[PDB]
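Note that we place each Cβ from the backbone using ideal geometry, even for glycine, and neighbour counts take in every protein chain shown. FYI, it's all coordinate maths here, none of it is from the lab.
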Number of protein chains: 6
Amino acid sequence: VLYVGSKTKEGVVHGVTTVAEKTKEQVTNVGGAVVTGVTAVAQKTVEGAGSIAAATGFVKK
Amino acid sequence: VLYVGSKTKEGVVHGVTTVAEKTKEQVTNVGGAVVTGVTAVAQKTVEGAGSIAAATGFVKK
Amino acid sequence: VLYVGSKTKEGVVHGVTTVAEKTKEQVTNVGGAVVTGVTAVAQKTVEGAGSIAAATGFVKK
Amino acid sequence: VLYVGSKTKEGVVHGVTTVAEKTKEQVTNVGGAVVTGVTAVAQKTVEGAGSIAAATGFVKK
Amino acid sequence: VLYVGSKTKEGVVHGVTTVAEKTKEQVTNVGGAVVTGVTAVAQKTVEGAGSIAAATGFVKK
Amino acid sequence: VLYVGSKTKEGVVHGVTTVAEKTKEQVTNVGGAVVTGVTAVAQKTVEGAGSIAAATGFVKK
């Protein structure tokens with residue numbers, strides 16, 4: 001890989017905004033996965049054979 | 001891979017916005033996945049054979 | 001692959017917006033996979049054999 | 001005025017919102033009035049004869 | 001004036017959202033009034049012989 | 001004026017949220033008024049003959 005005089009963005013995440021003033025969450029999980037709210041996942045390169053890169057709310061049995 | 005004088009951008013997520021004033025959330029998940037809200041996932045390169053890159057609300061058995 | 005003085009976008013997600021004032025959600029998942037809300041998934045390359053790139057609300061058996 | 005139990009609003013401004021990501025303003029005012037933004041104005045009563053209540057962008061020669 | 005359990009709205013504004021992704025304003029002004037944005041006036045009572053309630057972009061001579 | 005359990009809003013302004021990432025103003029005003037941003041104005045009563053209640057970008061000669 002060669003760059004000269006370049007400005008490039010790879011796997012970047014930015015400017016994630018949320019606005020509220022009243023919010024209630026009543027999660028009652030027992031055995032799985034519950035994801036609520038804001039999250040940011042940003043990779044550039046991952047190598048694997050059966051791997052999971054960006055899991056949000058994942059169960060595997 | 002060669003770049004000269006380029007302003008490319010690759011695998012970006014930006015400017016995701018949610019505006020509210022009243023939110024209420026009730027979940028009663030027992031055995032799977034319940035993802036609710038805002039999630040921002042961005043990659044450039046993934047390698048695999050049985051890989052999963054961006055899993056959101058994923059259940060596998 | 002070579003670039004000379006080019007501005008380009010590859011695999012991007014921008015300017016996704018939701019606006020509301022009242023949101024009420026009562027999901028009661030019993031073992032499947034429920035996704036509600038906003039998610040932003042963006043890659044450039046996905047290499048696999050039986051891979052999954054962007055799964056949102058995915059159940060597998 | 002004899003409220004004996006009621007949920008009321010009397011002259012309110014709520015939930016004004018503006019979404020953008022690129023914005024440029026160029027104003028070269030010389031002798032007047034220029035308004036280029038977001039303004040929220042709300043009253044209940046005004047009095048008097050020569051009265052101005054909401055004067056967003058007003059010139060009075 | 002009486003209210004014995006009545007939910008009422010008296011002169012309000014809401015849900016006046018606006019959305020864009022590229023704005024550029026180049027107003028040039030010398031002698032008048034210019035308004036080039038979003039404004040929300042919500043009043044209940046105004047009175048007077050020469051009253052002006054909601055003037056947006058007003059010139060008076 | 002009498003209240004025995006009325007839940008009342010009388011001249012309020014809430015939730016005027018605006019969102020951007022890139023913003024640039026180039027104001028070159030002379031001898032006048034220029035307003036380019038966010039303002040919140042909320043009154044209940046103003047009393048007076050020659051009265052101005054909510055002036056935003058006002059010039060009187």
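Take the conditions surrounded by fewer than 23 Cβ atoms within 10 Å (Cβ to Cβ), at the interface with chain E (Cβ under 7 Å from one of its Cβ atoms) and under 26 Å from F:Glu47 (Cβ atoms) and apply them to D:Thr56. Does it pass? Criteria not met by D:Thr56. For segment F:3-36, the set of residues classified as within 25 Å of D:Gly31 (Cα to Cα), assigned to a loop (DSSP other than H, G, I, E, B) and either touching a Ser or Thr at 6+ places or on another chain (Cβ under 6 Å) or not small (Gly, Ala, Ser) (or both) consists of F:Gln26, F:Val27, F:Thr28, F:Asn29, F:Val30, F:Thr36, listed by residue number. State whether one or more residues within segment E:43-52 are closer than 22 Å to D:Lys60 by Cα and part of a strand (DSSP E or B). Yes, the conditions are met somewhere in segment E:43-52.
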